[PDB]
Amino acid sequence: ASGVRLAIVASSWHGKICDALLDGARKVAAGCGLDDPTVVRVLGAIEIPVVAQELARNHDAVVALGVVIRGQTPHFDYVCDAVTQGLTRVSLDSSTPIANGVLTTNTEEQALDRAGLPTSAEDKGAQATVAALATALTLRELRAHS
């Protein structure tokens, strides 16, 4: 667990939630032996993929965190298409896991309930970190040694 190189890129739109997701990703990392993951912040979720690409050049895994919440127009749908499309492509070009902990909810109560705050049902920041670390460890054993 301890020897993996991990990066976390978190957007800042709905900053409060963003910070709650990043809290659960860090804590997961630190309990697995990783106290100094590369952490980067971006403004919005659309900026995540290009930053994830840069990070995957020299980390074993990248955790993509953020919060998108449906407004009054279709813009929500296109923002979510673009992030889904970018992350999948970056993982496969780089042959590196890019864990998707980007929340996509209709409401703010949904996001708060998915973010690992004191009374949340679940913590997606923490789940996405477990996923990336576990997957990087699986790739390690599949690949060439020794």
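When you see a residue number, it is the position in the sequence shown, counting from 1.
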{"item": "Mean Cα B-factor comparison, 51-59 or 98-106, giving the higher one as deposited", "value": "98-106"}
{"item": "Per the entry, higher mean C-alpha B factor between 116-124 and 83-91", "value": "116-124"}
{"item": "Most elevated Cα B-factor in the entry, residues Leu133, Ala25, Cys18, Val9", "value": "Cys18"}
{"item": "Chain thirds of CA B-factor: placement of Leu139", "value": "middle"}
{"item": "Chain thirds of CA B-factor: placement of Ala111", "value": "middle"}
{"item": "Ranked against its chain, the third holding the CA B-factor of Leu34", "value": "highest"}
{"item": "Within-chain third of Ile46 by Cα B-factor, per the entry", "value": "highest"}
